[PDB]
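# Coordinates for the following, if possible.
(chains A, B, C and D)
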Amino acid sequence: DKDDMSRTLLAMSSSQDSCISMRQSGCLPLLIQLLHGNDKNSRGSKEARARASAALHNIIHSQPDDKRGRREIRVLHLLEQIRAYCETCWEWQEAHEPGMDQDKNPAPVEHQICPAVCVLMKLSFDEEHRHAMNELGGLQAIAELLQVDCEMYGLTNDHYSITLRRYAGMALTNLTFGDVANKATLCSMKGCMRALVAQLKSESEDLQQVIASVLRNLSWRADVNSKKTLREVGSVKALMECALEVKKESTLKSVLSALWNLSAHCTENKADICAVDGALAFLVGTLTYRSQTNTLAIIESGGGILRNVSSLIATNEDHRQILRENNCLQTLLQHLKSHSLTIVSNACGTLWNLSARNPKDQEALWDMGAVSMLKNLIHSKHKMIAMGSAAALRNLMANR
Amino acid sequence: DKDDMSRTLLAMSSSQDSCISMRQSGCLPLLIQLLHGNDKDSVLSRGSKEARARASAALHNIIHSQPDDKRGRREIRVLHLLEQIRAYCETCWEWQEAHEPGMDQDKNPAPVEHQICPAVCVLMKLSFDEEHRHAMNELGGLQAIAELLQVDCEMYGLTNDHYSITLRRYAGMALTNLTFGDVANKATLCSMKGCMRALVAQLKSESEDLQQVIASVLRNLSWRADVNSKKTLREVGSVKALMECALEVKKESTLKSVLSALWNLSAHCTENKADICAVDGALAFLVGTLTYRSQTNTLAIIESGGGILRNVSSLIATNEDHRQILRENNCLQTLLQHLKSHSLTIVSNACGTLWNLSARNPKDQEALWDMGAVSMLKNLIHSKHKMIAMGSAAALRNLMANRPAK
Amino acid sequence: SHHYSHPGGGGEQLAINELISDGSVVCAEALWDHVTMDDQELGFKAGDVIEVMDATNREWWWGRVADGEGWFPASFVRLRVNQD
Amino acid sequence: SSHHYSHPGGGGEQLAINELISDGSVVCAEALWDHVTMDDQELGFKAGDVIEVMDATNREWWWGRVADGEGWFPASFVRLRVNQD
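Residues are numbered from 1 along each chain as shown, chains lettered A, B, ... in the order given. Shown next is the protein structure:
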């Protein structure tokens, strides 16, 4: 196979500053492909990857002492420690495998790699470092460390385990932020994705938050393959299920912020939300919950999810009933009196879908006096409210 | 060849609500490929106009099928403008073809350039906010806009007509905004070899406003360019065109954008560095920028020019003739004054350029000593900024090795 | 009329809120004076160290000084990642 | 160290702002918040004030002018209008 192209790439790297021309030639992406390549299993053997990272060391270390030349060495050094550690874990997994004679001396202790992943996490907050991690294949390395640990100790409560799970995740947050190509790469890592989604059931609500924002980022401006993957790994259902059980306000904020993105993808995701028991009641419950910090943060995200899923609820009487018995329609009208742009916009969008093709509720809105409230918002400064108002008014005026 | 794909996509677009699931199933990229087909590589994807008229219509249905969501209002507004452009280019290729080749051109059609100017105008104006750019990128705006500029350049090369200049200016600005901070777009525009040659060719224009517009596109493209993009920019001779342009520009704002593009390109490779020094009077001119104070942003050109030189100084160092061209234009003197500067860019550039030039030449080693460089470099070896600190101490090391008197 | 809340969706962010979660305190240095007459907003002067309490949104963050608390635009602030 | 308008890496990317002034047409930007500066090199202003953009070659800082005077100011503070007055 292409084991040999790593032999030639290392040989080109060996000579005194001929690796300067290699980066010019664009060998870095080729090196990363041998080391992580999932551009689709384009990553070579262990002996092949040993050569690659070595050649990759030689090329980055054969630069001038520039500012960009010192970030790359600082970063690569850390990534090399992570890569080397991952090699310890993969060797353990192959040795402690079904059919394998488990009677020979190797276990990798997590505590040694946590300081290394800590630094990277902190550094990923800087754009310049992100750019460097990006061309050094940082994202994939950080992600590989995440998945391999979850695979080894599934949902443990060990402090040192949680910590690295939390660090790695926070870096993957920064690295996917605004980066369309990184959101795609991580989503293509199907093994790592399942690991992430699986951590939502962790008892650590600090970690659950570090999973929620990652899935939030991945669901923002996602490509078609990414939206497909996020759907397939059932992240939607997983999030909703952990939201029904989260205690901390911050954790909920994060979780709801992710679902709000995902609820805009497809009617398949909308249905997935509605399928979960008590989810709808929970959402309607959020329509009145005020947070300690950022008062209306949950009302906004809750009403937003509901605003999206309201399109489906309109077809279901049972789901309109769950909505009616948790006092939704009445709450949405009190939302119209709000001073918030987001809150009003959600209520209008929600009432839009709910006011049509159902006399059972559209008479209830009349008896609530919604007409005297919507006419206040037909001449508003934003169409979303204005069109949300008049269309709901049209649905009501049809039934007098 | 594969029209049947285009054929089937229109048929799925036929049903009024199955358009929603299509976008969801990921059809917009597929539809844009039939229209433009960027992904392809030279010597191993666009459909025929028959199939393109099917695809652009199917696009119109998917985009118009969604509700009055803010995206909807945005995508309809943009697509409408993109449809105007695509229809006009089709008129062009229909005239460009069947009118240029060896066939008999005795058949009644030429496309009027006047109607499409207000169309790009809006697109360019809308490209100034992220929200519409993302909408354009979902609808293959960059491509459609680029293809327009190219096909116009291929029709009236270096025309100097007011209505045509305005068009090229407007499209170019749209390409600038859409490339800005967009990795994927930069690479796409660079893959348009024809359009790339069309843009570079426009630097010969005697409309300095358009020259500025072109330099801005090239500047964006030369910033954090991937390996291919860098390779393309070099192969079309954008470096040579830009340096040749700089020597013949009157308006300073035009110059500001040009040097800025060269500064980015100069870093890429030695080959690009060689291209700058090969242009006659270029080096001399770059030295002239070291003392050129601008009207607005007074230190703009000194930074721009200093940087380009800082990059090529490593190549200048080996050439004795080029060192002389500099000597003639009091280069080392000026750089010594750049150390006193209050600007991070300028100071750094100086002891970057002084770093390179101080070594492997006893001729300029004497001069710097006779100028009293030591005292000035000595004042920067412990600089808060480590590049300045390094460059200076490195140049001081060069000079301390060569002293005639104590 | 100021809007601290963008109604698009959940959007995207960095891991700032996560720097808080573990119980540790993270804060940010003021780059410019934030002048406001609104009780909803936290005004400050350049060089002031503001503790960020919420950074869910990208435009506006909820922060607090020993005086009080309110909204402010993130632009006015460089945040310190390391020990504080 | 003072406010660095410098940007020393290279002549990086920017939107097509400078290209709107090229016509001879005047581009405006409405100030979102007060800019407090006691540096005669910089241009202080108040919220709602309309600033004429002169140079926006750099990303972080632009050169503007008012009926009073001119100087540097951070882009963040300002929302530019691309159309007519």
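# List the buried residues of stretch C:28-43.
C:28, C:30, C:31, C:32, C:33, C:34, C:36, C:41, C:42, C:43 (16 or more other Cβ atoms under 10 Å in any protein chain shown). Quick note: C-beta positions are derived from backbone N, CA and C, even for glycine.
# sorry, that was for stretch A:233-248
Neighbour-count burial for stretch A:233-248 [16+ other Cβ under 10 Å]: A:233, A:235, A:236, A:237, A:238, A:239, A:240, A:242, A:243, A:246.
# And the residue of the stretch 151-300 of chain A that's closest to chain D?
Nearest to chain D, among the residues of the stretch 151-300 of chain A, is residue A:178, at 14.8 Å (Cβ to the nearest Cβ).
# contacting residues around the residue nearest to that residue when sequence neighbours are not counted?
Leaving aside its chain neighbours, residue A:178 sits nearest to residue C:12 (6.6 Å; criterion: Cβ to Cβ, 6 or more residues apart in numbering or on different chains). Applying Cβ atoms under 8 Å, 6 or more residues apart in numbering or on different chains to residue C:12 gives the contacts A:176, A:177, A:178, A:216, A:217, A:220, A:221, C:58.
# and what of residue A:145?
Taking Cβ under 8 Å, 6+ apart as the test, what residue A:145 contacts is A:82, A:85, A:86, A:113, A:117, A:164, A:168.
# and it, what element?
In the assignment (DSSP states H and E), residue A:145 maps to helix A:138-152.
# Find the residue closest to the residue most central in space within chain C in space, skipping its chain neighbours.
Residue closest to the average C-alpha location in chain C (Cα atoms, centre = their mean): residue C:61, at 3.4 Å. In this structure, residue C:61 finds its nearest non-sequential neighbour in residue C:55, 4.7 Å apart by Cβ to Cβ, 6+ apart.
# I'd say that neighbour and residue C:71 touch.
No - look at residue C:55 against residue C:71 with Cβ atoms under 8 Å: they stay out of range, at 11.4 Å.
# What segments of the stretch 51-200 of chain A are helices?
Assigned by DSSP state H, counting those that start in this stretch, the helices in the stretch 51-200 of chain A fall at A:67-95, A:114-123, A:127-135, A:138-152, A:159-176, A:180-188, A:190-198.
# now the first one against helix A:159-176, angle please.
In this structure, helix A:67-95 runs at an angle of 130 degrees to helix A:159-176, with axes from the mean of the first three to the mean of the last three Cα atoms, to 10 degrees as the basis.
# Flag every buried residue along helix A:67-95.
A:71-72, A:75-76, A:78-83, A:85-89.
# how far away is the closest residue to chain B within chain C from residue A:307?
In chain C, the residue that lies nearest chain B is residue C:8 (8.0 Å; Cβ to the nearest Cβ). Residue C:8 sits 12 Å away from residue A:307 when distances are taken as Cβ to Cβ, to the nearest Å.
# Looking at the two, which has the bigger crowd around it?
Applying other Cβ atoms under 10 Å in any protein chain shown to residue C:8 and residue A:307 shows that residue A:307 carries more neighbours, namely 26 against 15.
# CA atoms only: put the helix or strand hosting that one into PDB for me.
Take DSSP H and E as the rule and residue A:307 turns out to sit in helix A:297-313. Only the C-alpha atoms of helix A:297-313 are listed here, as PDB (Å, rounded to 0.1, in the frame of the first residue of the first chain):
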ATOM      1  CA  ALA A 297     -31.700  32.800  28.300                       C
ATOM      2  CA  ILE A 298     -33.900  29.700  28.800                       C
ATOM      3  CA  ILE A 299     -37.200  31.300  27.800                       C
ATOM      4  CA  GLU A 300     -35.600  32.200  24.500                       C
ATOM      5  CA  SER A 301     -34.000  28.900  23.700                       C
ATOM      6  CA  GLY A 302     -37.100  26.900  24.900                       C
ATOM      7  CA  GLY A 303     -39.500  29.000  23.000                       C
ATOM      8  CA  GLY A 304     -37.200  28.700  20.000                       C
ATOM      9  CA  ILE A 305     -37.200  24.900  20.000                       C
ATOM     10  CA  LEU A 306     -41.000  25.000  20.400                       C
ATOM     11  CA  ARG A 307     -41.200  27.600  17.700                       C
ATOM     12  CA  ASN A 308     -39.500  25.100  15.300                       C
ATOM     13  CA  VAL A 309     -41.400  21.900  16.500                       C
ATOM     14  CA  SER A 310     -44.800  23.800  16.400                       C
ATOM     15  CA  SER A 311     -45.000  23.000  12.700                       C
ATOM     16  CA  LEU A 312     -45.400  19.300  13.600                       C
ATOM     17  CA  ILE A 313     -47.600  19.700  16.700                       C
END
